[PDB]
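Two forms, one protein chain; structure tokens for each follow separately as structure 1 and structure 2.
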Structure 1
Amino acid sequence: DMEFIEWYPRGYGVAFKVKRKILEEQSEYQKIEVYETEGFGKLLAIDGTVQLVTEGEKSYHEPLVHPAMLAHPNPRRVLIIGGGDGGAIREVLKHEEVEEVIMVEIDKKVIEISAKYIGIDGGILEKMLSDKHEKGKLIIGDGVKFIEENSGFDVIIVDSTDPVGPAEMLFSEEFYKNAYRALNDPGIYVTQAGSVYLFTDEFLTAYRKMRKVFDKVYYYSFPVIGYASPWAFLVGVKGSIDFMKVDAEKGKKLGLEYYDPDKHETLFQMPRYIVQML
């Protein structure tokens, strides 16, 4: 009767009954574990926290990727910071306009373990590790340092494990300034912002820093299976991007299971007390 629990501030806990432990490894950056749960497939755990559960991860990767993609007029060049499990790039590649996607992940072990034991990327990670993927380019490196030197991205998506905590790319206005400069015109930057209820102060702090840097900023939430849902997301745009509208026509073709492009307006649910604190 094994049990996996992740505790959050104020003593809230996300728990899963698990069948067996499959793998426990230590990388130069973090502890990586893989469990076979009872009703959610395989769970990827990084330093004791849920990265994803194979039977539910689409509830995270879909709202993280598609909203931004569908709100950009021509998302040809995309940057993903993190995304070691491969889920985000998989969703990104579903968009035909994409010509090139650069993925910068600092921990190679997360990528290899995910490709061999998680397997949600469909072969994208392996094809990328050998540098044989047509559109995807993998760079084992630091995402922050990368956008300091690189530009030309229509869409920037941050999906990181946060090795040194959330602050690295959330409380850094330096970082947001570099991200905005890295975006094409028009461009869109999107990132997960943590738990709506248990990470509220941080969420609000990132929102205000982004507000001064980008041309317009937005927030949204989504019920993510595996996390202390609802989960918050933050968006920052450069130039002509109206995040309140998505090309629903293009959405129908993605075969989404969670995010509903036809009801994009419902993506913005957010407790009133929080909205009032902005």
Structure 2
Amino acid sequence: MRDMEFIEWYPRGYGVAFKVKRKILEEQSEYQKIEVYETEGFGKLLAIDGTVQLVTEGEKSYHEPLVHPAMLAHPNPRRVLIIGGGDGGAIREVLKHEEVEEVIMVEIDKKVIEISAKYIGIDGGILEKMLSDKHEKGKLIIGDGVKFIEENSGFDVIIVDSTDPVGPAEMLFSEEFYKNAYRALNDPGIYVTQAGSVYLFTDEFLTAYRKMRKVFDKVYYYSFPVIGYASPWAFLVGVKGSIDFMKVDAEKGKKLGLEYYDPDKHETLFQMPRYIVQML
């Protein structure tokens, strides 16, 4: 092979591969291994513990479906909480909603933020302001999201944009966490989290769904073809109050200028292989 190659291997021996121009950096923080590559045709790739977090040319296919469905389904998302999202893509999308007054971002690994702000740069300067407490609506907090949620409440929308549930993110998918998360939501409130590869992390998705189903008033599932991840990726939604996640404010969405998630066709967001639906 004349050029480099980055591959993330998934269960069953399936791999997502990218031709790369070079490796920009590798750093071992106290929590995980953070790496950055310059891909041949998808911009920069950020990886944590060998798993793709994003590719700069395509990351909107993940941040849009992760953020906007919930934000557009909530009648008035004024106070938002983001757990993880060290790269700033999620908060960037959240801040597109005028109703937003405050967004608290809890990241456990500050190195991810520093590295993203310096080498990824999809946040459009948001992370730097966050790092120096100079952002008007965003407030950065370095710590574990599980602990935070155990001591904080009052959120219209909670967005969990963490790594896979293995390292420090594992408890973000625990029964007790969902209890605290539900309690932390306002009425009406909405909780959303990425839930793994539909086809290869099916157990992760099913497990989290059943746990959320025992806590939230209503639990929804959906999927979206995320560029850079085994496709498609699943998302789980937990609602408190009278929120009809089956409906979103299309007019507010039109103002977002989205490229991937289509709020006008919100009903198509719920695609899911039949065999999996039958297991719910």
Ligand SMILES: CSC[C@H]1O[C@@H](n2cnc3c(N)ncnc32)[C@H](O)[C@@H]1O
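Numbers given to residues start at 1 and step along the sequence of structure 1. If you superpose the two forms and keep the largest set of C-alpha atoms that fall within 1.5 Å, you have the rigid core.
If only one of the two is the form solved in complex with 5'-deoxy-5'-methylthioadenosine, which is it? It is the second structure that is the form solved in complex with 5'-deoxy-5'-methylthioadenosine.
Would you mind telling me which residue of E97, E100, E148, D162 shifts its Cα by 2 Å or more between the two structures when the core is superposed? Among the listed residues, the one whose C-alpha moves by 2 Å or more is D162.
Post core alignment: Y197 C-alpha displaced by 2 Å or more between the two structures: No, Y197 moves less than 2 Å.
Is_shifted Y117 between the two structures (CA, 2 Å cut-off, rigid core): Stays below the 2 Å threshold, so no.
Shift in Å of the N184 Cα between the two structures [rigid core superposition]: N184 is displaced by 0.3 Å at its C-alpha.
Core-referenced Cα shift (Å), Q26, between the two structures: Residue shift at the C-alpha: 1.0 Å.
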